[PDB]
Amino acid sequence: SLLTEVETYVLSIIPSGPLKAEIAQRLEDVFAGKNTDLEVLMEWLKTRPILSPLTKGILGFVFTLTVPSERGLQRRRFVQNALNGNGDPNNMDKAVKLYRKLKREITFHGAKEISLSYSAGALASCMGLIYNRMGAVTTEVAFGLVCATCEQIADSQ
């Protein structure tokens, strides 16, 4: 399935161990529609020791996209800080060019494919644009972007 494919890309980013196990399970529960209190989920994520801030941002982004019940939770500073991109305009320029292209995609594969022509840095900031409501895209395309950025990160490790 798609959600399973997303989970595999998402997990490739997490170092092996007990925490990776928990996240997988939370991912599966949210994907199966069992888990749903976003605020509780995001706070758990925020407080995880050892997890890279950037992996915290990616999972935070994934949870808010998949959870049905976002309710009225304001976007999280921890995720924003993790995905924003440091303030480099050159990197932001690339994130915007990617967004321009993703705006035309409607499939997971097409979305994932153009995202592969961008660096892990432009990709994370593009995720930030979307998480910040600066740009908007369909959940399937958002999924493709997420997977390309996870692959890039994991591939670099």
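From 1 onward, residues are counted along the sequence shown.
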Original post:
In the PDB record, does 139-147 or 10-18 carry the higher mean Cα temperature factor?
Top reply: 10-18
Original post:
46-54 versus 114-122: which one carries the higher mean Cα B factor per the record?
Top reply: 46-54
Original post:
According to the deposited entry, which of 94, 34, 101, 109 has the largest Cα B-factor?
Top reply: 34
Original post:
Can you tell me which third, lowest, middle or highest, the CA B-factor of residue 68 falls into for its chain?
Top reply: highest
**OP:** Tell me, lowest, middle or highest third: where does the Cα B factor of residue 88 rank within its chain?
**Re:** middle
